[PDB]
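Values below: all heavy atoms of this structure, side chains included; hydrogens, waters and symmetry mates excluded. Below, read A as the first sequence line, B as the second, and so on, with proteins coming before strands; counting in each chain starts at 1.
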Protein chains: 2
Amino acid sequence: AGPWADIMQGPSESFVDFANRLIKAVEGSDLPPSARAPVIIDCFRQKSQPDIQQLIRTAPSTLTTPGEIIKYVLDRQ
Amino acid sequence: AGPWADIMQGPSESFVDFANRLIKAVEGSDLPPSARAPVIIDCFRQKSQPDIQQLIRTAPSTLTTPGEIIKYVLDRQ
């Protein structure tokens with residue numbers, strides 16, 4: 001699988017293409033299953049494009065899963 | 001704390017300076033405590049300079065902790 005910790009959203013990539021890429025790489029990694037979701041969330045925050053990073057930090061505290069953040073972002077495009 | 005998933009060894013940084021930087025950022029993150037060590041190991045493998053990446057993958061299967069990998073690398077300089 002790809003090096004998950006190297007995955008960033010590039011300037012010709014959408015957020016969802018980066019999320020899909022990232023998640024596939026995390027799932028193929030040696031991380032424990034319980035580590036996957038928190039890693040994915042941190043990488044969403046840190047490795048998306050700046051405008052998306054800024055949108056993610058507006059999300060309510062009740063949205064905690066990767067899927068909730070994906071929907072939050074996509075539904076605001 | 002710093003964005004752990006953005007931390008890479010730069011060309012004027014030693015491995016240990018990167019490990020220390022990385023580990024401080026991981027410890028200050030919201031990751032669950034059990035996720036820290038596997039994240040650190042993956043980032044050692046993925047985010048160090050190529051020569052160090054190549055040295056790390058020679059390590060025996062018995063070396064599993066961050067500290068064991070740090071000693072492995074430093075003791076071979």
Item to check | Backbone of B:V16 reached by a side-chain donor or acceptor of B:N20 within 3.5 Å | outcome: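 Yes; at least one donor-acceptor contact below 3.5 Å.
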Next on the checklist: Keeping B:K47 on the side-chain end and B:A5 on the backbone end, is there a donor-acceptor pair under 3.5 Å?
Outcome noted: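 Yes, B:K47 side chain to B:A5 backbone: donor-acceptor pair under 3.5 Å.
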Taking all atoms of both residues into account, what is the closest heavy-atom pair of [X] and [Y], and its distance?
X     : Y     : result
A:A59 : A:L63 : CB-CD1, 4.3 Å
B:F44 : B:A19 : CE2-CB, 3.6 Å
A:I40 : A:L22 : O-CD2, 4.0 Å
A:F18 : A:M8  : CD1-C, 3.6 Å
B:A1  : B:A25 : CB-O, 4.2 Å

Rounded distance [0.5 Å steps], [atom1] in [X] versus [atom2] in [Y]:
X     : Y     : atom1 : atom2 : value
B:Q9  : B:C43 : CD    : SG    : 13.0 Å
A:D42 : B:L31 : CG    : CG    : 4.5 Å
B:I7  : B:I23 : CD1   : CD1   : 10.0 Å
B:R76 : B:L55 : CZ    : CG    : 7.0 Å
B:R45 : B:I41 : CZ    : CD1   : 6.0 Å
B:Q54 : B:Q49 : CD    : CD    : 11.0 Å

Checklist entry - Between A:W4 and B:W4, how do the two ring planes meet: parallel, tilted or perpendicular, split at 30° and 60°? => result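 The rings of A:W4 and B:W4 stand perpendicular, inter-plane angle above 60°.
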Next on the checklist: Do the side chains of A:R21 and A:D6 get close enough for a salt bridge, i.e. N-O under 4.0 angstrom?
Outcome noted: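 Judged by the 4.0 Å cut-off on N to carboxylate O distance, A:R21 and A:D6 do not form a salt bridge.
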Next on the checklist: Could you tell me if the side chain of A:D51 sits less than 4.5 Å from the side chain of A:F15, heavy atoms only?
Outcome noted: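 They are not in contact (no side-chain heavy atoms under 4.5 Å apart), so the answer is no.
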